[PDB]
Structures are given as C-alpha cells and as structure tokens.
Amino acid sequence: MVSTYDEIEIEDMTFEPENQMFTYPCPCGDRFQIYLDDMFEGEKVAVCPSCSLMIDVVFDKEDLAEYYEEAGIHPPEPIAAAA
Ligand SMILES: [Zn+2]
C-alpha cells in the first residue's frame, strides 16, 4: 500500500477456464493475469509483466471457491469423499 495508480474488482474481470486464473487487459496494452491460488495468499498488489504498474485488485473470495467446482482442473492433494 505504498504505490498505487488504480483499483480493479474481481467482478469486473475476465476468467481463464484453463488453469484457474483471471485476466484483465492492463491499460498499458497487455493482459494482466492473476491465479486464484496466488491471490488466495493475500495478493492484491500485482505487478504487470509489461509496464510494471502497481494495481490493487479487490476480491470477494466467493468465485475463488465456486470456480474450483466449475472448472475441470486437477488440484493438488487427494480428494476424499465422506458423508
Ligand atoms: Zn501494464
């Protein structure tokens, strides 16, 4: 929270149904990518891999868990089914 230009929202971001990640065409002219696993560890201040602009994207932490069921990706650790 030292250097920031703008703030983006998860709701106003695209979804990448391939490896559980989000995308957002950075104003610089590139595509700002962000993985759900990375952001899970408190990652809001991401650095663009083109212009290196500091942005603070906010997340609700809702779709982060729901998307896991929507996407057909193979997450780490075994899955035990018990009820
Ligand atoms: Zn950029």
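Ideal geometry is used to build each Cβ from the backbone, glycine not excepted, and the neighbour counts take in all protein chains shown. Bear in mind that the values in this text are calculations on the coordinates, not laboratory data.
Here are the numbers for this structure:
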quantity	calculated
Residue-span extension gain [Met54 to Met1] - 0.36 nm each, minus C-alpha spacing	18.1 nm
Distance (nanometres) between label positions extended 7 Å along Cα→Cβ at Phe40 and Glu18	2.1
Residue-count net charge about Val45 - beta-carbon cut-off 11 Å; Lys, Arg +1, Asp, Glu -1	-2
Residue among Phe59, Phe40, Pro27 farthest towards the positive dipole end of the chain, charges placed on Cβ	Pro27
Under 5 Å, built H, 5+ apart or other chain: amide partners of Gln33	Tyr24
DSSP-assigned coil residues among chymotrypsin sites (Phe, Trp or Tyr not before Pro) in region 1-64, each with at most 14 further Cβ atoms within 10 Å	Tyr5
Mean residue ellipticity (222 nm) of the chain, computed from DSSP H runs ≥ 4 via -39,500 (n - 2.57), nearest 500	-3500 deg cm²/dmol
